[PDB]
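# Overview (structure and organization)
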Amino acid sequence: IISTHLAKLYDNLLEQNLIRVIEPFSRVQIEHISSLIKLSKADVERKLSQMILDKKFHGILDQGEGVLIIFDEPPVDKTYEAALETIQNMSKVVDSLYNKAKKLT
Amino acid sequence: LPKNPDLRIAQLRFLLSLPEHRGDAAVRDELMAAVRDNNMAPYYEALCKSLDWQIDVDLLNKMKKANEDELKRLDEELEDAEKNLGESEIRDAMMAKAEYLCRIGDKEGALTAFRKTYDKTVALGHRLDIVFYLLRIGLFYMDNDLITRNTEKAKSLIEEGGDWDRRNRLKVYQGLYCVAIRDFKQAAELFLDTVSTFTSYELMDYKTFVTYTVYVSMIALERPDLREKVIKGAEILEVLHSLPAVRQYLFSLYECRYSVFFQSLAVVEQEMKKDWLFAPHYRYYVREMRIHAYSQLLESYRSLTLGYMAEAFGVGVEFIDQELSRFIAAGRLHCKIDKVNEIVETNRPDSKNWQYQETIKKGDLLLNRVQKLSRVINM
Amino acid sequence: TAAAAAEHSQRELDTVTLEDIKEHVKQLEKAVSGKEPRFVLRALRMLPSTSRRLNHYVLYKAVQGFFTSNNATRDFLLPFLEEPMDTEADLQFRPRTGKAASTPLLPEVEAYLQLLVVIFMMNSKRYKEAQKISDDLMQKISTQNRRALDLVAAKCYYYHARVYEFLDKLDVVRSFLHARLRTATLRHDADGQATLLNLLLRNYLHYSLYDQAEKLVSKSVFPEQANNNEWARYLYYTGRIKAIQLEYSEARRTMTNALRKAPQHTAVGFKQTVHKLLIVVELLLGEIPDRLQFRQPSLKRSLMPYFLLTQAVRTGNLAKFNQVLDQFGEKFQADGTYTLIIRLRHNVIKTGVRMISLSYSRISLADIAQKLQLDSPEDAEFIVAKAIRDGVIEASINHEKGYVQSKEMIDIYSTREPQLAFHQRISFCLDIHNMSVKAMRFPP
Amino acid sequence: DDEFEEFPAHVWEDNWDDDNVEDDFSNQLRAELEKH
Amino acid sequence: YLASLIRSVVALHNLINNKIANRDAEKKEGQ
Amino acid sequence: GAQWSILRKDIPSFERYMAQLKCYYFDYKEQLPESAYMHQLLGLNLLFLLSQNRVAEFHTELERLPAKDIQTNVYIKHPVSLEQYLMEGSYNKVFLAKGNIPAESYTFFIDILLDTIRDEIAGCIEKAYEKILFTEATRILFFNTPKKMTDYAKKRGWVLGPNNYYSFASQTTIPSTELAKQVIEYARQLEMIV
């Protein structure tokens, strides 16, 4: 499947190269990364875009100064998430109590 | 299952009703040929009354004479079976006459006939099939009350017991209903569930069915689920091989190739408007798709130039500015604009901030309930 | 015999209603004996149903036997209620055959019964004997200084006020009502205090004594332990007050709270009124109120014109706005809005600039001016500056190069205010728990 | 328990999307491409 | 705050139960 | 007496006499006929209230007015239109509308309205329009000569920045003790047997 297995190799390897070259960085020049990986600026930024969409690396592109701001994604507060779910659950519970009270009163 | 009725008839009806499509001579010819051949006597009468067509006189006269002869012989056969035959075949006779009432376009009469047939009948399969006929008529005539009640009866029968074939048929019916009523979430769910076992061929062509599945899925799926279901969907790709346009639409979106996404969206908008079922959702769907395109584009940027928006979408700058401003006002985007310096920033809230907002809202609601109940009781 | 069948059905209903009334008076007497008032509130709870059935002459049936130990009521009630009973009526229903001790009816009891009679003639539309009888009841209540009598007093006050309102006079109600309100404040009643406050507020409003009523409310403290109905009325009143008085944020929050605390099952008229006022105040402040209300079943008929108005404003076209005003002014005034309509004549531009700000960070003054069609792009500067004055938007302006900078929103979570909100709600929940554990009841 | 007598008297959920505009795209894209 | 909600809701449930039970009991002694 | 108060520019006399005028006009409506010289004076009071900026009471007396009289009359109308202009912000139009005075009685209350407008724009430029220079300030704030605005620097003069920019709109500490009180209170409530 050199018709397309070569393409998958190209893609996964390019991903690996980008993650490697960018891990030792913070907000950094897109053109500089392009020179590092010896690849067109548009294509490198695009691939970064897809990686970000798929949540591969916690980074955000910027087409202003033309850079890529990486960061550390903190854990989502599962405490708040569970709290929200519990609030909905007690909405149901108190609704049941309300119906019961109206039935019996 | 049989075309009782043939919903493409309703599609043609809505087309003719459409303003510029009122002059659809070819559609006119197709519809009147179908009317003559299937003996749409009352249906044609209502059609010509609604669209001001010259009421057919001589051809309609022979048509109604044939209709009356058929009705007479059918009712006489019913009487024969009633007087001599047993319940098993009397039920078949009444069911057949109700089907012919559908084949003419006697709406209330067919309703009553199928109702009585179901009342007498004992076979669960027959009950579900009669309900299917009722649902098909109900969708044909957008009587949402009828569709919902028939669906209720069908489900109840199913929980009593059912066969997976009619489960799939009911799922397709329900998906068509959700589409009709703008419930694209459940619509896409059921459509992708049934794509494995599409069987209600009578309702519509399989190709158009998958077209609808693709539309609803794009609308109501996140990018991941879209990947695993539509792009990697086995048949949802095989049939797409045949499909020469929706393929481009879906992929343009997925790999983010833009302005081709917009050309595809415009096309599908015209076809969506032409379609009878989606007509009272095409505006909303087009807006939602435009919003999804913008959101996907923005999600991978913090400060992206408005000019580059313009080129990437292959459009102007003022048009993009207007659309962005409108949807920002709508508040569906976490984005703000600078016009003095053409740029767009993303004000994406912290997970913490957003969740705290939701907690505040939900706490307010539930506390309101709590004080309300505590009060109603303590006093 | 359709007449006979109707008579039989009516008579059986009469027996049922008489039994219910006997139960209610039992509630009252046992309440007073046991030293607990709230049972009176219970007995009054189903008053609307009793009024609805209206016991057209079941009133006469019951009273004829009820009012023997204090038949001094007869002279009044019997002539006013006529004697229409069918000559044959073999019930003779009355407490302990009316009297096993011939003791006087308890003040609460006969007050409530006479109030039922008042309601009957109220719906009967005869507001001369009715108003005189209400005044007589008012003398009774004023004389009778019993606590538990408080709730019945409040209801009596409500109904006397309603009849005088129908008579379209008030005024004497203002004075007497005021005296009673001061009395019920001197004696620490809460439900009566709030009810009477509501009545007097509405009296001021009807004649449009808005500024005086403003002083009244500001200088009078509303009770916390007042019924959802009373809070809803009072909040609606205060909301209209402040909305006219140009305090729109308070108007919004207060009326939204009022609607939340109002019952959902019924009171469609009250819901329509509150929705209209909230709609107008929010539209003035800029927020385009959700379409949920418009699509509500029991509201769309009552709100077509408001929907047309919101459409006109959102479009930002004074042509259709003003022609809508032309078509629907009559009902607009009928509710009482034209003042607010002109306030909108103003705030149309305020809302336009509000959304402009919400959808930009550094837009140019000239650009916003042309967007809003505001000629002479310095009028736009003044307008946005006034918006800043008001607080509708948060953005500095630099005339040096002519641009508006939207204030950079801050991480509010990185503050103390979340702590404050959570403390408020913590106190709320702990209070609810404490009051419930108070409300525990235990048999002996 | 009370009624406030004093106060007398398409199956889906949509916002002001109505907004009386023409074809969402057809005209817009056609004109935009013509200019561009 | 959420835990306080838990406490309040449970206490309110207890109040409803106690009130209805006591009402039924007193109704019994009535009959 | 009210017009005399106007002539003498004695606001206390004006307000008191107009208070009695209200108490007479709006109290005994039926027992009295229309006061031909009532709407003129009442609209002049509209102007009075607008000039004092007592907008709340202004709107209260508006609503107390009959609805139709709001628009039908000219005396009543003119102050209302001026008020709408002021609320909108078209102060240029407000100044332009000086001449259209239905009655000459509307005199010197226009001037009180003018200096009230000046104070309004003063607060405007204070909390917004960061660092406005002298020339822009003079052209916008329709004061008199630049010497007169230097005098108006009596109005706290902001700071005049470096270049008469009139300064600008002028613009931690763990609340430990109070938060400790709050949490102690939470525990207390959780803890009592009650």
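Placed above this text is the structure.
My aim in this report is to walk through the structure given alongside it, one point at a time. (Residues numbered from 1 in each chain as written, not as in the entry; some residues may be left out. Chains lettered and ligands numbered in written order. Part of a larger assembly, values for the part shown. Heavy atoms only, no water.)

### With respect to the overall build of chain D
A tally of helices and strands in chain D yields 1 helix and 0 strands. Per element, the accessible surface of chain D, about 2,500 Å² overall, is 53% carbon and sulfur. (Helix = DSSP H or I, 4+ residues; strand = E, 2+ residues; numbered from the N terminus. Areas by Shrake-Rupley, 256 points an atom, 1.4 Å probe, with all protein chains shown as cover.)

### Considering the overall build of chain A
When helices and strands are counted, chain A shows 4 helices and 3 strands. Reading chain A from its N terminus to its C terminus gives the helix and strand order α-β-α-α-β-β-α. Relative to the globule expectation of 13 Å for 105 residues, the C-alpha radius of gyration of chain A, 24 Å, shows a markedly less compact shape. Overall, the C-alpha framework of chain A stretches about 75 × 40 × 20 Å when taken along its three principal axes. Across chain A, the 14 positively charged side chains and the 15 negatively charged ones have centroids separated by 6 Å. (Rg over C-alpha atoms; globule rule 2.2 N^0.38 Å. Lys, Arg positive; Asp, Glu negative; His and termini not counted. Charge placed at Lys NZ, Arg CZ, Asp CG, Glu CD.)

### Side note on the pattern of salt bridges
All names here are of chain C. Counted under the stated rule, the structure contains 47 salt bridges over all chains. With a shortest N-O distance of 3.8 Å, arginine 126 and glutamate 82 are connected by a salt bridge. Note that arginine 126 is positioned in the loop between α6 (107-124) and α7 (129-143) and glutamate 82 in the loop between α5 (74-81) and α6, a separation of 44 residues in sequence. Residue class for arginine 126 comes out partly exposed when judged on its relative accessible area of 36%. The exposure class assigned to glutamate 82 is partly exposed, which follows from its relative accessible area of 28%. (Salt bridge = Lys/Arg side-chain N within 4 Å of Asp/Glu carboxyl O. Buried < 20%, exposed > 50% of the residue type's maximum accessible area, 1.4 Å probe, protein only.)

### Thoughts on the interface of chain B and chain C
Taken together, the contact between chain B and chain C spans 28 residues of the former and 35 residues of the latter. Summed over both sides, the interface of chain B with chain C buries roughly 2,700 Å², with 56% coming from carbon and sulfur. Taken together, the connections running from chain B to chain C amount to 1 salt bridge. The residue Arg362(C) makes a salt bridge to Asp338(B) at a minimum N-O spacing of 3.8 Å. Those elements giving two or more residues to the side of chain B that touches chain C turn out to be α18 (318-330), β2 (335-338) and α19 (351-378) of chain B. Sorting elements by how many residues they give to the side of chain B that touches chain C places α19(B) first, with 17 residues. Class assignment for the residues of the side of chain B that touches chain C results in 10 nonpolar, 9 polar and 9 charged. (Contact = heavy atoms within 4.5 Å. Buried area = accessible area lost by both parts, 1.4 Å probe. Nonpolar A, V, L, I, M, F, W, Y, C, P; charged D, E, K, R; others polar.)

### A word on the interface of chain D and chain C
Chain D puts 14 residues into the contact, and the matching count from chain C is 22 residues. Approximately 1,900 Å² of surface area, both sides summed, lies buried where chain D meets chain C, with 53% of it carried by carbon and sulfur atoms. Of all residues in chain D, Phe4(D), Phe7(D) and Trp16(D) bury the most surface against chain C, accounting for 42% of the area lost on that side. Between the two partners, chain D and chain C, sit 4 salt bridges. Linking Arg233(C) and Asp2(D) is a salt bridge whose minimum nitrogen-to-oxygen distance equals 2.0 Å. In this structure, the connection of chain D to chain C is made through 6 residue pairs in polar contact. Looking at side-chain class alone, the side of chain D that touches chain C contains 5 nonpolar, 1 polar and 8 charged residues. (Polar contact = N/O pair within 3.5 Å; in protein donor to acceptor, adjacent residues only side chain to side chain.)

### Observations regarding the environment of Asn12(A)
All names here are of chain A. Relative to the helices and strands, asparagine 12 resides in helix α1 (residues 5-22). For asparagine 12, a relative accessible area of 37% gives the class partly exposed. Expressed as a C-alpha distance, the spacing of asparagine 12 and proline 75, which sit 63 residues apart in the sequence, is 27 Å. There is a polar contact of 2.3 Å between the side chain of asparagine 12 and the backbone oxygen of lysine 8.

### Things to note about the sheet that holds strand β1 (residues 28-29) of chain A
The antiparallel open sheet is built from 3 strands, whose spatial order is β1-β3-β2 (chain A). Looking at which strands have only one partner, the edges of the open sheet turn out to be β1 and β2 (59-62) of chain A. (Pairing = 2+ DSSP bridges.)

### Observations concerning the nonpolar core
For soluble globular proteins, nonpolar side chains are generally found buried alongside one another. Core analysis: the largest hydrophobic core is formed by 295 residues, its most contacted members being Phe114(B) and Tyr285(B). Looking at this core element by element, the count peaks at 12 residues for α6(C). In contact with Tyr285(B), not counting residues within four places along its chain, are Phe184(B), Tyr215(B), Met218(B), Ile219(B), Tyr249(B), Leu265(B), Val268(B) and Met272(B). By size, the runner-up hydrophobic cluster in this structure holds 22 residues, among which are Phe422(C), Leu430(C), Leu12(E) and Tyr186(F). (Core = buried A, V, L, I, M, F, W, Y, C linked by side-chain atoms within 4.5 Å.)

### A short note on the state of the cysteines
Residues and elements named next belong to chain B. Evaluation of the coordinates by the stated rule reveals 0 disulfides over all chains. Of all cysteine sulfurs, the one in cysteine 102 lies closest to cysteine 48, which takes part in no disulfide; the gap is 20 Å. The structure places no disulfide on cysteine 335, whose sulfur is separated from the nearest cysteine sulfur, that of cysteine 256, by 17 Å. Judged by relative accessible area, which is 4%, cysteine 335 ranks as buried. (Disulfide = S-S within 2.5 Å.)

### A short note on the packing of helix α3 (residues 39-52) of chain F against helix α6 (residues 74-88) of chain F
All names here are of chain F. Remark: α3 packs on α6, axes separated minimally by 7 Å, with the N-to-C direction vectors making an angle of 15°. By the angle between their directions, the pair α3 and α6 is classed as roughly parallel. Between α3 and α6 lies a crossing of left-handed hand. Only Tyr75, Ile76, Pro79, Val80 and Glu83 of α6 make contact with α3, whose side of the interface consists of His39, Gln40, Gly43, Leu46, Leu47 and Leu50. Across the contact of α3 with α6, the residue classes tally to 7 nonpolar, 3 polar and 1 charged. (Axes fitted to C-alpha atoms, helices over the stretch in contact; angles between N-to-C directions. Parallel < 35°, antiparallel > 145°, perpendicular 65-115°, else oblique. Left-handed = near helix turned anticlockwise from the far one by under 90°.)

### Considering α6(F)
All names here are of chain F. Given a rise of 1.5 Å per residue, 15 residues ought to cover 21 Å, and the 21 Å separating the end C-alpha atoms of α6 matches this to within 8%. Within α6, burial applies to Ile76, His78, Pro79, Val80, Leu82, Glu83, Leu86 and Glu88. Capping the start of α6, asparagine 73 holds a side-chain oxygen 2.2 Å from the backbone nitrogen of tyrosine 75, two or three residues further along. (Expected span 1.5 Å × (residues − 1).)

### Let's talk about the packing of helix α1 (residues 7-17) of chain B against helix α2 (residues 25-38) of chain B
All names here are of chain B. Where α1 contacts α2, the two axes come as close as 10 Å, and the packing angle between them is 140°. Comparing the axis directions of α1 and α2 gives the class oblique. Between α1 and α2 lies a crossing of left-handed hand. Of the residues in α2, those touching α1 at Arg8, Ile9, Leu12 and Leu16 are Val27, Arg28, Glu30, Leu31 and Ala34.

### Notes on the packing of aromatic side chains
In total, this model carries 52 aromatic pairs over all chains according to the counting rule given. Between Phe184(B) and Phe278(B), the aromatic rings sit 6.2 Å apart at their centres with planes inclined by 75°, giving edge-to-face as the arrangement. Of this pair, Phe184(B) sits in helix α10 (residues 184-194) while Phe278(B) sits in the loop between α15 (260-274) and α16 (282-299), and the two are 94 residues apart along the sequence. Considered together, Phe184(B) and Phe278(B) belong to a single accessibility category, that of buried residues. An aromatic cluster of three or more residues is present, and its members are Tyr215(B), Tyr249(B), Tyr258(B), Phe261(B), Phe262(B), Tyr285(B), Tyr294(B), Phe313(B), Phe327(B) and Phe25(D). Over the face of the ring belonging to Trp53(B) we find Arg28(B), whose NZ or CZ atom lies 4.6 Å from the ring centre. (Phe/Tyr/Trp six-rings, centres within 6.5 Å; stacked < 30°, edge-to-face > 60°. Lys NZ or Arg CZ within 6 Å of the ring centre and 35° of its normal.)

### Comments concerning the sheet that holds β2(B)
Residue and element names in this part refer to chain B. The strand order across the open sheet built from 3 strands is β1-β3-β2, with neighbouring strands paired in antiparallel fashion. The sheet terminates laterally at β1 (303-304) and β2, the two strands that pair on one side only. Pairing geometry for β1 and strand β3 (residues 343-346), over 2 bridges, is antiparallel. Note that in β3 the partner of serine 303 across the bridge is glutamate 345. Where α18 meets the sheet, its contacts fall on β2 and β3, and the angle it forms with β2 comes to roughly 140°.

### So, unusual backbone geometry
Cis geometry is found at the peptide bond from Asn4(B) to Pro5(B), where omega equals 0°. Non-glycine residue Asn39(B) carries a positive phi angle of around 65°. Assignment of secondary structure puts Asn39(B) in the loop between α2 and α3 (41-51). Even without being a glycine, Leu246(C) presents a positive backbone phi close to 70°. Looking at the element boundaries, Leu246(C) is found in the loop between α12 (228-244) and α13 (248-261).

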